[PDB]
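Below: the structure, in structure tokens.
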Amino acid sequence: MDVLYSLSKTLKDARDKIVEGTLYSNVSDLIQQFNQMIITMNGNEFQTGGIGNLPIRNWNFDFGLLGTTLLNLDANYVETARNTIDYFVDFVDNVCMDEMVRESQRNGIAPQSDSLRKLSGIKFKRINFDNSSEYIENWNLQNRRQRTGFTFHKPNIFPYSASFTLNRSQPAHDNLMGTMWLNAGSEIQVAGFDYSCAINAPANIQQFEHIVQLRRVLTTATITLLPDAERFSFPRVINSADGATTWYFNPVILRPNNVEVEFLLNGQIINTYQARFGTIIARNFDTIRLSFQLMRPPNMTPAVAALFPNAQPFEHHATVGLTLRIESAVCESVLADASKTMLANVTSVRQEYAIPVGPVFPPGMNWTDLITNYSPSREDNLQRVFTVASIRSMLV
Amino acid sequence: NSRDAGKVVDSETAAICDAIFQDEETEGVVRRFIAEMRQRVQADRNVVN
Amino acid sequence: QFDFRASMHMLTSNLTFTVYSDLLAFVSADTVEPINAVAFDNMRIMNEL
Ligand SMILES: [Cl-]
Ligand SMILES: [Zn+2]
Ligand SMILES: [Zn+2]
């Protein structure tokens with residue numbers, strides 16, 4: 001992986017720095033590293049395999065070194081370097097694609113493709129040089145069992161889930177108490193509804209609790225909390241739990257009462273936020289507990305009092321909401337996020353070559369299924385393929 | 001003035017290079033290039049630059 | 001004015017070769033016995049013997 005990344009970085013530096021008119025001293029060390037790479041790769045036969053519709057490709061390396069002959073680089077030098085760089089970039093892209101499409105249950109973090117297994121030999125270790133990218137840095141640190149994290153903007157940590165829980169229900173679904181929620185990507189939009197508006201509650205208070213167990217621990221997370229859940233504030237016709245019938249939801253939004261957001265790690269209260277809205281910081285957590293109360297307004301204007309009678313039928317159903325958005329976080333494990341293209345790149349490569357479903361990832365690299373059952377083997381394979389994809393993105 | 005066993009063609013080029021190297025008004029980059037510029041002899045290909 | 005950038009070139013040639021003049025010196029040429037010499041028609045030039 002480090003040798004593959006070093007090949008990619010050397011090629012990127014060659015493409016960026018070996019330009020017409022540049023001083024010889026701007027490329028001396030680069031020319032040395034590039035010639036070392038050429039010498040190391042020369043005389044080696046590589047094969048990128050035929051998994052799926054990915055074509056079998058053979059790679060031969062017999063390339064002359066780059067001289068150091070002109071004070072300012074000219075067009076001939078750049079043309080020769082470009083020829084060599086184009087061949088090497090094609091080879092690296094094919095190796096990255098071949099590695100991206102494989103997976104293993106046991107040694108998911110180890111190289112899978114023949115080309116990358118060969119590049120892991122001692123003879124190619126000379127190619128290795130500066131490993132500065134976030135993913136290669138994290139890879140190297142993780143290989144040494146050092147604490148390191150990936151920074152995600154809007155981490156895709158919540159598997160998609162749009163469902164409800166009815167705590168009070170009837171066959172006619174006209175006096176309902178429960179909770180709705182959408183957990184999607186970095187967003188948790190939850191709502192608690194009471195059709196009776198807590199008329200018969202012990203203190204005219206109805207308690208709602210939403211617990212979300214994150215599949216990986218998130219640290220240094222910045223989160224936006226908003227009182228209302230816009231997704232559950234309009235009338236809806238909702239299928240029943242079994243799907244036999246459909247019930248009616250006619251929300252009227254009230255201010256959530258005694259809002260408490262608890263970010264827990266190992267069952268301990270790491271962060272607590274009471275009636276606090278806006279931007280909050282969760283240090284290090286793996287569970288979110290949103291507890292909020294629907295309080296029947298003790299004092300109502302005649303219209304409000306008309307909304308909520310003392311008994312059935314209930315035409316307007318009192319709903320309280322909560323919106324949580326993880327804007328950014330740090331996770332020791334790789335995750336899909338809004339700003340990076342690693343999941344997209346791997347999925348596109350697998351789809352465009354009809355890679356048969358393996359024994360590790362879900363079909364089509366479905367992110368909901370992946371994160372839902374984010375096992376250690378899946379984590380290893382995902383980290384490997386994401387690192388390969390990040391390496392590939394430097395050239396393709 | 002070569003620091004890497006450099007060679008040049010011809011002796012007149014050597015005289016010119018020494019004169020430019022010793023000149024005080026020469027650019028530092030040109031001086032370093034004279035000190036570093038190298039020939040390339042590929043005996044397998046039967047080529048010399 | 002003398003400009004180093006405009007005057008520094010790389011001259012390329014071969015490392016070494018040997019130039020030959022008398023090609024036919026590379027040919028070992030012998031002849032049949034004159035008694036057995038034949039003409040264009042594959043018969044002996046002189047047949048009276
Ligand atoms: Cl955004
Ligand atoms: Zn953004
Ligand atoms: Zn139902």
Side-chain angles (χ1 to χ4, degrees), chain A residues 100-106 108-109 112 134-135 138-139 142 148-165 180-190 210-224 231 261 263-266 270 282 284-290 322-351 355 357-390 393:
Chain A
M100 272 148 90
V101 294
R102 324 213 163 247
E103 66 225 75
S104 203
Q105 175 61 42
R106 195 79 271 281
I109 206 73
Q112 303 304 323
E134 205 221 32
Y135 265 71
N138 275 318
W139 181 270
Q142 171 246 8
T148 188
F150 301 86
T151 306
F152 300 107
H153 170 51
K154 290 174 74 184
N156 208 310
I157 187 51
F158 303 129
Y160 175 84
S161 187
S163 46
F164 57 88
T165 284
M180 283 170 200
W181 61 86
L182 171 71
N183 305 346
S186 48
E187 217 214 357
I188 282 163
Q189 234 159 336
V190 67
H210 193 39
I211 286 153
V212 185
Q213 299 275 356
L214 279 69
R215 317 289 158 134
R216 288 290 184 287
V217 171
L218 291 188
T219 78
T220 309
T222 201
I223 289 126
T224 293
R231 195 162 167 99
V261 194
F263 297 87
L264 303 318
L265 186 74
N266 248 340
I270 308 312
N284 167 31
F285 70 102
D286 54 15
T287 308
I288 315 188
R289 187 181 146 291
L290 308 144
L322 273 194
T323 304
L324 197 148
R325 267 174 227 276
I326 299 160
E327 317 287 55
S328 68
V330 176
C331 183
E332 285 193 48
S333 315
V334 293
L335 294 168
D337 77 318
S339 309
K340 304 176 225 198
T341 324
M342 260 78 66
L343 176 75
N345 274 122
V346 175
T347 308
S348 324
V349 171
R350 290 183 163 243
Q351 289 166 341
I355 306 304
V357 67
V360 174
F361 291 129
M365 287 293 272
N366 184 271
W367 179 246
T368 299
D369 294 0
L370 196 289
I371 194 67
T372 292
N373 313 110
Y374 201 20
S375 63
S377 150
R378 283 177 163 197
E379 197 192 349
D380 271 27
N381 278 275
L382 201 72
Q383 215 207 326
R384 188 180 40 78
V385 301
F386 276 23
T387 317
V388 174
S390 71
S393 293

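Residue numbering restarts at 1 for every chain, and letters A, B, ... go by the order of the sequence lines.
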Is a donor on one side and an acceptor on the other found under 3.5 Å between the side chain of [X] and the backbone of [Y]?
X      : Y      : value
A:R215 : A:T372 : yes
A:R384 : A:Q112 : no
A:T387 : A:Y135 : no
A:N381 : A:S104 : yes
A:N138 : A:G149 : yes
A:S375 : A:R378 : yes
A:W367 : A:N156 : yes

Evaluate the side-chain contact (heavy atoms from CB on, under 4.5 Å) criterion for residues A:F361 and A:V385: first the C-alpha distance (whole Å), next the side-chain angles of each, then the deciding distance (0.1 Å), finally the verdict.
CA-CA 11 Å; A:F361 291 129; A:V385 301; 4.3 Å; yes
Does any part of the side chain of [Y], heavy atoms only, come nearer than 4.5 Å to the side chain of [X], both counted from C-beta?
X      : Y      : answer
A:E103 : A:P359 : yes
A:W181 : A:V212 : no
A:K154 : A:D337 : no
A:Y374 : A:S333 : yes
A:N345 : A:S393 : yes

Going through the checks in order, is the salt bridge (charged side-chain N to carboxylate O under 4.0 Å, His left out) test met by A:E187 and A:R231?
CA-CA 11 Å; A:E187 217 214 357; A:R231 195 162 167 99; over 6 Å; no
Would you compute the distance between atom OG of A:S377 and atom CD of A:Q105 and round it to the nearest 0.5 angstrom?
3.5 Å
Output the distance between atom CD1 (A:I211) and atom CD1 (A:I288), rounded to the nearest 0.5 Å.
11.5 Å
The test is side-chain contact (heavy atoms from CB on, under 4.5 Å); show your working for A:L214 and A:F158 and say whether it passes.
CA-CA 7 Å; A:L214 279 69; A:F158 303 129; 3.7 Å; yes
For a side-chain contact (heavy atoms from CB on, under 4.5 Å) check, start with the C-alpha distance between A:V101 and A:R350, then their side-chain angles and the critical distance, and finish with the verdict.
CA-CA 6 Å; A:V101 294; A:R350 290 183 163 243; 4.3 Å; yes
What verdict does the side-chain contact (heavy atoms from CB on, under 4.5 Å) test give for A:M365 and A:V346, after you've listed the backbone C-alpha separation in whole Å, the side-chain angles of each residue and the deciding distance to 0.1 Å?
CA-CA 8 Å; A:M365 287 293 272; A:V346 175; 3.7 Å; yes
In terms of side-chain heavy atoms, does A:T222 have a donor or acceptor partner in A:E327 at a distance below 3.5 Å?
no
Of all the heavy-atom pairs spanning [X] and [Y], show the shortest one and how long it is.
X      : Y      : answer
A:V357 : A:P362 : CG2-C, 4.3 Å
A:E134 : A:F150 : OE1-CD2, 3.5 Å
A:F285 : A:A221 : CE2-CB, 3.7 Å

